[PDB]
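First comes the structure, then the notes that go with it.
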Amino acid sequence: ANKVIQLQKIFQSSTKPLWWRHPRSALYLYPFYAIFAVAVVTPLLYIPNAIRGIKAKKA
Amino acid sequence: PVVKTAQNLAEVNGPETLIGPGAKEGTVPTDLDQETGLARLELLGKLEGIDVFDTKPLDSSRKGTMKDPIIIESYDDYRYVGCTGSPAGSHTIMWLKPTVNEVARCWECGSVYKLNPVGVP
Amino acid sequence: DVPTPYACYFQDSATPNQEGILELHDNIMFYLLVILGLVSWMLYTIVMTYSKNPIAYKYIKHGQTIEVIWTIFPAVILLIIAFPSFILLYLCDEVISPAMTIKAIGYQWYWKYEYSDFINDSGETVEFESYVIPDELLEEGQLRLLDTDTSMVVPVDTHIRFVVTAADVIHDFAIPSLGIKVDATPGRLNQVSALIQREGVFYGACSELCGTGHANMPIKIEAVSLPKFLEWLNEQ
Amino acid sequence: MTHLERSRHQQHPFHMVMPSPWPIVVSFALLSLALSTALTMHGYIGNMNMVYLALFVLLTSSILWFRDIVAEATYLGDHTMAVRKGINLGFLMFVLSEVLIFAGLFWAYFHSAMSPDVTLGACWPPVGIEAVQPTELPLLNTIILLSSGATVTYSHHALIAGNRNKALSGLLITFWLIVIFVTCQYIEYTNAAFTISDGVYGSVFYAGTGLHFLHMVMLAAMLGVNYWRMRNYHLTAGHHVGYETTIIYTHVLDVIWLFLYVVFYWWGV
Amino acid sequence: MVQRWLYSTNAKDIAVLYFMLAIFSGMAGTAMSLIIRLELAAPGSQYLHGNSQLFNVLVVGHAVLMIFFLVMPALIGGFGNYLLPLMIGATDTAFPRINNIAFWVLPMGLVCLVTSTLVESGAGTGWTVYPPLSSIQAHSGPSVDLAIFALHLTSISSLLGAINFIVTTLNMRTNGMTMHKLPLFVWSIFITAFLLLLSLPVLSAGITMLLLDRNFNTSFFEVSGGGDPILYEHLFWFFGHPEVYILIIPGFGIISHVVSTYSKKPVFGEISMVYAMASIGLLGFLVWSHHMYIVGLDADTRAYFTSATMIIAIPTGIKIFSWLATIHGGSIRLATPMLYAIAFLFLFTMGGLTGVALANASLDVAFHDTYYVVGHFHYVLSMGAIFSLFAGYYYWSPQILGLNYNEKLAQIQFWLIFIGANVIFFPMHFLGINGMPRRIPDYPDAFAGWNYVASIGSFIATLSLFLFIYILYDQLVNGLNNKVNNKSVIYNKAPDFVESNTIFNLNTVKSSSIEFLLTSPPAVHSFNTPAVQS
Amino acid sequence: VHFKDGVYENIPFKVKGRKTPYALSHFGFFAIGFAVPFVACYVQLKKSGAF
Amino acid sequence: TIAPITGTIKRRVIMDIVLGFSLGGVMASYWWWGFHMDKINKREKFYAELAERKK
Amino acid sequence: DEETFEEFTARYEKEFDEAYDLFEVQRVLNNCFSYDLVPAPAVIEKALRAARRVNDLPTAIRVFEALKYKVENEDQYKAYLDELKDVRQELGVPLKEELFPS
Amino acid sequence: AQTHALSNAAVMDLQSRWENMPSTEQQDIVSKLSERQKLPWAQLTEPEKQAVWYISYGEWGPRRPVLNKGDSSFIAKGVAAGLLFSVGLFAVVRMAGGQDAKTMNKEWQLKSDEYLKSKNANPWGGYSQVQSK
Ligand code: HEA
Ligand code: HEA
Ligand SMILES: CCCCCCCCCCCCCCCC(=O)OC[C@H](COP(=O)(O)OCCN)OC(=O)CCCCCCCCCCCCCCC
Ligand SMILES: CCCCCCCCCCCCCCCC(=O)OC[C@H](COP(=O)(O)OCCN)OC(=O)CCCCCCCCCCCCCCC
Ligand SMILES: [Ca+2]
Ligand SMILES: [Mg+2]
Ligand SMILES: [Zn+2]
């Protein structure tokens, strides 16, 4: 509903990194950080099994 | 108080006066409505015809002796200058770095370049 | 026929293809050597003359005459060394009435030869696998990784069409002494023509990666006289 | 202006991007996706949920990256003329890369068809495969795609003319036309006589058609984000790069679909 | 520290990250080459207890590490990203986040390639990943898939860098530069970017279809279903021959700069240099099928392709002859970069001559998949890329780092690598012409002789590499001390033979490019006021 | 944004002000780079017979 | 007086070019006429002896 | 457009006449000697006059040193220096090989 | 202009000690010699001419060569030592390796040569494979 000027004022006067300037940045940045950490840590733990030759049990 | 919207290029005072008012209720925004910052400044320069972000090439009309060196304007205390001769491409490109204290001489065509800064950082 | 230690040239030819490609290689190397000598001498003299030059001729940039000369000199060299290339390519490509046709199917780390044109008892096709002799099973005198369990016996002075194909991966039928190197894709056949001019033995290997046993899969072609070839075929 | 004021700006049109985590984050997500799909297609991972999580992370990282780029373009005003020209040129290069990918797929089709394998029956399509009739569904697909291209051109001209309602209506209806094309192509996938695993014919056919399907999904996403931006007054009458981007994408993808239609339907049947 | 490097946005930081990754991967590839050349020194399983699969895995790792992780991150990534904005006066490369993501998807391709080597058996298909050896029947396990994903990641990096370079050099040129006034290295990078742009999509399509055949039961190259591996050969080589020209063209750009600056006279026919590089790039796409003369193509196809491959010798010959013309009539300052450039000229001419001998569809019958081919492409690749990288480093590092390297050690390293590489790669020609097949861990014991002396050569080359690693250390801790004492070369251009020492001291830098006018390590964002040129 | 500039400010690693000597890190980087293939060979030989 | 002396570098260039062509020609002539012709002579002699012993 | 010898000589006589300081004299001498020809004795005369005008002895010696390093034979150098003997004696410039006798 | 002449204690043997002087003394000497240049050049003494020539075109600072009079021998010794160390390491790692093939004997290869002589292999070339002892 035509918030461009208000958000321009908010964005051009802010001592924060660009992705944190919007008031609803935390809602998109905290769950993303958690999910990203999980999704990056998980596959690496399965590499020692690949080297060891152990496949995942079909249970 | 409140700052204006820099109606033309002569009222621009800082990046905070380059915002302007948006579209009213239901019309498409125009360039003069919601452009901001550097793009807004460039747009203003286009409307009043003053081409911001000067792109003119080097002054290569005369030789530029030591008594009357070719003056180059800068916004920093040095500037790089690639000269090619008294005509446009007489000799090969020669890159020089004239600063405030020391003029730059080509050593191939002898041109002397003297820097003057805008300054006020 | 067989590789020699500290050798720097081709193996001895036994087919017109190998001697033709040898002559083509020498003819090409003639011009390659004149060019290499030119480049090396120019580099030599320029470096040793102008490494002690105080004044650099910094105003010599375009020089159109030498530009066009070395623009048109490589072209004429290429045409000169490409005429015999085309002659040989169109001469060795022809299939001119092979008096014998035999198949060589490359299976995983072995070959299988099949003399489809000839008989064993009455009409039935002759075939045999050619396994490499293991290093533990070598008797003193045989060549390691080069002598097979059974040899591919071939008559001399006869036109022979080798039809090479494969079953699992791409296996290359390559004998350098006979001057033949044609691959074997499992999908399609590949025919090559050969005429062996002297009796003896000819060793080659597979010129295409096929897994762990790529190194230990050679090809042994033993060219013998025609009556002896018939005797071997009947004993086969 | 005076020197006092001109000393307070960039001195060059080009955009200084602030440091951002999105490149390395997208790289980590892409690595995790590749690793998970390599350990899942070979049974080292019991289920396919990890690939889904990696794809979701990659998608969200790309969304945050585009959220930053639209913040810079719209609310910081960093996109001057030179930046806009550079972005348009880069998107043209990316479109050229996609066209060459499609050309490689077309090369695979032509190699599989012009020299038919003896195991295929020496005829295209191979014996045992009944090809999809071009006239029933694909004719509707191509006609609605040409309609979508004409409609997005109409909406773009209406946006330039300054009429908001016509531009929004055209963009919405072309988004719906593309989402109907996607639905119809999925339907054609469901009731199909042959599968991607039924020889080279099915292999190359579904490779090309599914690559175009993925490109159409991406194009529908771009049209949706352009509709949001135009609805909330992000797109001005004279400054819009993403919308010109999606128009060029729509037209090049319609041309790709026309070639794909002709080759795979009016020449392959 | 995290924002500057992990969150990087400027081209110089990404370039030095590229260089660090490239030298790490080159060290790993050199270790693999040392292992290969040590096992392949005498007949019989010496160091690897049998296990030809391990030897094939090492060959694949060596080739990939050298090509996709050493030559390209250094030439295209490091030098290209550091110098292209500087040479054209661009303040900072366009699409900076794309520039960061290309680098950051490189080492993850490394991670997945390494874990492919570590998983059940490793990829033993060669750097070319030909089916059906690479199909799911012959290679099971996720190793081939992980190598495919490493190739996809490096293709993404290269394509993104190519788009960035194209846009930067087309749009962000300084106010005085037309396209005709660009430096030669900029032109080489631009042409290489277009080659990557037009080549990588085909490789991606072919490799993705191979992966689908492996794991999605589909048949693009399966003979049981109507496929043909020759299609994969076509796609891969259509990518790969432009790939080798991508590897070599930036070397051409670097050598021109080094010759022009250490002969103190400009390049002979610069516009002809640009035209020759453009012709080479255009012709690289028309000759791809000379790697597959054996598969059974028609006589007319091979006759066309040998002519097309021979045509490339004309622009390359023009470039070689113009470099000698540039060196002629100058004042040769025989510093380390000039030594490397001269060695490049000679050994690249040798490699190109061997390639011309290989371009014939009749001679390729006797030479295909032998060690003559490895001699040829190791000459051209190793020399024209590694020597170009050494020249570029020894030429630009005192400007990039503000730290000056030892010169005696640099010359010793150059001589050691020159002799070692010659010793390792020249007997390969004799082995190939005698009939030694390629990609074999064990050979008939008649090929041992040369395989011995070549194995000696590696132990020299790697040693020079080790010295290079020491030189970096000596540069990184004693660079300022090297400047203050007389152990290094401070000025790349000596005063002219009329010019006094003070007149030179007031005009110490006489260069044709902006890069050398910049200070000790250049500011994080230079060119505040745009560089002007007539 | 303003980052520090200087002779050692252009590189990700720290050279002058160090707790451990810089030679250790400099040569360890390339030593692990060189030992990656040895680790791979050791693993691939363990999964067969030997060491 | 001094006669105008000029064009020394062009003369040096053509002298170097012809001398390099002569060196390459000598190298390739040695290659051909010694090595290739020795191999051809050996092959022809062996085949002539084989044809003689066939009689 | 390629210049003749007479045009070259006149151009460099002029360019030496409008040389105003040591930097200009050295630059003009450098780009005069960076050609595929040895400058005529009149150009060397103008170079010596310019070196005396800016009060720089070593560049006057360097003129003869560059002429020696530029000329083809050891006899044409003698023909240059004995033709320029009067001016060299007038200005008092010594040759490099006679200034450092070794 | 200036006084009679430059002091001999400050101008003799400028070649052997120019680089060891402080910059202030160098600048003072340069200024004095430049003030003396303005006199007719016949009045300058020979040490003054030599000093001025060495200051202008001396082989120091900018004119310092790439190799400083002893580096060719150093690089030759370094490359020879590198070659020797390379072959020494190669020999050491060749000793710390597996065993040599069973077919690399004089006796085995003489029998192989006899078999090849039976088959008339490589008639004009060479079929002899010994290469070992
Ligand atoms: C970039 C390409 C590149 C380079 C430089 C090399 C260099 C070397 N290679 Fe190889 N090689 C290949 C790419 C390369 N190779 C490819 C593509 C194959 C084909 C694989 C196949 O067919 O399956 C191959 C195959 C191959 C074979 C044939 C194996 C076979 O077919 O059986 C051999 C055998 O000796 C070998 C060993 C070596 C050795 C000892 C070096 C030595 O030269 C090592 C010495 C090199 C250096 C010391 C480089 C310097 C190191 C740096 C890190 C650069 C530093 C500079 C900067 C950082 C600016 N490699
Ligand atoms: C650095 C990258 C690089 C470069 C620049 C080249 C350059 C050339 N290459 Fe090569 N090549 C490879 C990398 C490269 N190559 C690789 C990696 C392989 C193996 C792939 C694999 O099997 O895995 C390969 C294999 C390869 C083959 C396949 C053979 C086979 O395996 O069956 C062929 C055949 O045509 C070939 C030829 C050429 C030719 C004619 C050139 C020409 O561009 C060279 C031209 C230069 C000159 C000719 C010298 C300079 C010119 C003059 C001095 C003028 C005078 C010359 C004449 C008149 C002729 N090379
Ligand atoms: C195919 C023949 C050789 C191809 C290339 C060989 C190697 C290339 C490297 C050359 C190094 C120097 C080049 C730069 C010099 C330069 O720029 O010189 C240019 C200058 C000035 O220009 P201008 O007066 O010509 O024109 C005026 C405007 N440009 O004059 C020259 O010097 C010309 C020299 C001509 C040489 C012709 C060739 C001589 C003999 C060829 C045939 C010999 C075969 C005989 C068999 C035994
Ligand atoms: C068959 C094919 C199916 C696919 C079709 C899918 C359709 C795609 C529709 C996506 C458009 C809606 C997104 C924004 C909605 C919204 O409201 O987010 C914007 C909201 C409120 O708006 P605002 O006015 O404040 O703008 C302010 C915009 N900065 O701001 C925010 O919190 C800021 C950040 C929001 C997070 C997402 C928006 C950032 C833009 C990047 C989006 C790129 C996605 C493209 C790929 C999916
Ligand atoms: Ca071995
Ligand atoms: Mg092959
Ligand atoms: Zn100039």
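Per deposition record, electron microscopy, 2.9 Å.
Cβ atoms are placed via backbone N, Cα and C, with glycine included.
For E:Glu39, E:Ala42, E:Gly44, E:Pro441, the entry in Swiss-Prot reads Ca(2+) binding site, with the evidence type experimental evidence. Under DSSP, E:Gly44 (Ca(2+) binding site) is assigned to coil, being neither helix nor strand in the three-state scheme. If you take the C-beta of E:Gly44 (Ca(2+) binding site) and look for same-chain residues 6 or more apart in sequence within under 8 angstroms, you find E:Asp442.
In sequence order, E:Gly29, E:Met32, E:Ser33, E:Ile36 are the residues of the chain that are 6 or more apart from E:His62 (Fe(II)-heme a binding site) and have a CB within less than 8 Å of its CB. Here Swiss-Prot flags E:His62, E:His378 as Fe(II)-heme a binding site, drawing on experimental evidence.
Counted within 10 Å of its Cβ, the other Cβ atoms near E:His241 (Cu cation binding site) come to 22, all protein chains included. Taken from Swiss-Prot, the feature Cu cation binding site covers E:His241, E:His290, E:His291, and the record attributes it to experimental evidence.
All protein chains considered, the CB of E:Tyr245 (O2 binding site) has 23 other CB atoms within 10 Å. DSSP assigns E:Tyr245 (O2 binding site) to a helix in the three-state reduction. Summarising the annotation, Swiss-Prot assigns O2 binding site to E:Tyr245.
Residues annotated as Mg(2+) binding site in Swiss-Prot: E:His368, E:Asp369. DSSP assigns E:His368 (Mg(2+) binding site) to coil in the three-state reduction, placing it in neither a helix nor a strand.
For the recorded site, E:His376 (heme a3 binding site), the DSSP three-state label reads helix. Other C-beta atoms found within 10 angstroms of the C-beta of E:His376 (heme a3 binding site) number 24, with every protein chain shown included. Sequence annotations record features per position, and here Swiss-Prot assigns heme a3 binding site to E:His376.
Summarising the annotation, Swiss-Prot assigns topological domain 'Mitochondrial matrix' to E:1-14 (among others).
Proximity of distant same-chain residues to the topological domain 'Mitochondrial intermembrane' (E:40-54), defined by a Cβ-Cβ separation under 8 Å and at least 6 residues beyond the stretch ends, is recorded for 121-122, 124, 441-445, 447-448, 451-452, 455. Feature annotation from Swiss-Prot assigns topological domain 'Mitochondrial intermembrane' to E:40-54 (among others).
Among the features that Swiss-Prot reports, topological domain 'Mitochondrial matrix' is placed at E:89-97 (among others), with the record citing experimental evidence. Through the fold, the topological domain 'Mitochondrial matrix' (E:89-97) approaches residues 9-11, 81, 160, 163-165, 167-168, 171-174, 177, 514, 525-527, 530-531, 533 of its own chain, all at least 6 residues removed from its boundaries and within a Cβ separation under 8 Å.
The feature topological domain 'Mitochondrial intermembrane' is assigned by Swiss-Prot to E:119-142 (among others), with experimental evidence given as support. Residues of the topological domain 'Mitochondrial intermembrane' (E:119-142) grouped by DSSP class, helix first, strand second and coil last, total 0 helix, 0 strand, 24 coil.
If you look up Swiss-Prot, you'll see E:172-183 (among others) marked as topological domain 'Mitochondrial matrix'. Taking Cβ pairs closer than 8 Å, the topological domain 'Mitochondrial matrix' (E:172-183) reaches residues 85, 87-91, 93-94, 190, 257, 271, 512-513, 527, 530-534 in its own chain, all 6 or more past its ends.
The topological domain 'Mitochondrial intermembrane' annotation in Swiss-Prot covers E:216-228 (among others).
Under the heading topological domain 'Mitochondrial matrix', Swiss-Prot lists E:264-269 (among others), citing experimental evidence as support.
Residues in the topological domain 'Mitochondrial matrix' (E:328-335) partition by DSSP class (helix H, G, I; strand E, B; coil) as 0 helix, 0 strand, 8 coil. Annotation source Swiss-Prot lists topological domain 'Mitochondrial matrix' at E:328-335 (among others).
Among the features that Swiss-Prot reports, topological domain 'Mitochondrial intermembrane' is placed at E:359-370 (among others), with the record citing experimental evidence.
Annotation source Swiss-Prot lists topological domain 'Mitochondrial matrix' at E:401-406 (among others), citing experimental evidence. The helix, strand and coil residue counts that DSSP assigns across the topological domain 'Mitochondrial matrix' (E:401-406) are 1 helix, 0 strand, 5 coil.
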Could you round the CA separation between E:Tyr245 (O2 binding site) and E:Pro441 (Ca(2+) binding site) to a whole angstrom and send it over?
29
If we call contact 3 or more Cβ pairs under 8 Å (sequence gap 6 or more), are the transmembrane segment (E:270-295) and the transmembrane segment (E:184-215) touching?
yes
For E:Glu39 (Ca(2+) binding site), the one of E:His241, E:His290, E:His291, E:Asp369 that lies nearest, given that the binding-site residues are compared by Cα:
E:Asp369
Stretch among E:15-39, E:184-215, E:299-327, E:336-358 sharing the most Cβ pairs under 8 Å with the transmembrane segment (E:143-171):
E:184-215
Go through E:15-39, E:55-88, E:184-215, E:229-263, E:450-474 and flag the stretch with the largest number of C-beta pairs under 8 Å relative to the transmembrane segment (E:336-358).
E:229-263
Taking the transmembrane segment (E:450-474) as the reference, which of E:15-39, E:55-88, E:184-215, E:229-263, E:299-327 gives the largest number of Cβ pairs under 8 angstroms?
E:15-39
Helix, strand or coil: which one is E:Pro441 (Ca(2+) binding site) in, per DSSP?
coil
Sequence order is fine: just name those binding-site residues in E:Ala42, E:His368, E:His376, E:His378, E:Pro441 with a Cα within 10 angstroms of E:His291 (Cu cation binding site).
E:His368
Quick one: DSSP breakdown of the topological domain 'Mitochondrial matrix' (E:172-183) into helix, strand and coil?
3 helix, 0 strand, 9 coil
Which one is closest to E:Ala42 (Ca(2+) binding site) in space, judged by CA to CA distance, out of the binding-site residues E:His241, E:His290, E:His368, E:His378?
E:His378
Distance-selected binding-site residues near ligand 2 (C-beta under 6 Å), from E:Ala42, E:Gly44, E:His62, E:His290, E:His291, E:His368:
E:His290, E:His291, E:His368
At a 10 A cut-off on CB-CB distances, which of the binding-site residues E:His290, E:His291, E:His368, E:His378 has the highest count?
E:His368
Near ligand 5, which of the binding-site residues E:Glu39, E:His62, E:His291, E:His376, E:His378 are found, taking a Cβ distance under 6 A to any of its atoms?
E:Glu39
Determine which residues of the chain contact the topological domain 'Mitochondrial intermembrane' (E:432-449) at the Cβ level, with the cut-off under 8 Å and only residues 6 or more beyond its ends counted.
39-40, 42-45, 48, 52, 55-56, 59, 126, 366-367, 369-375
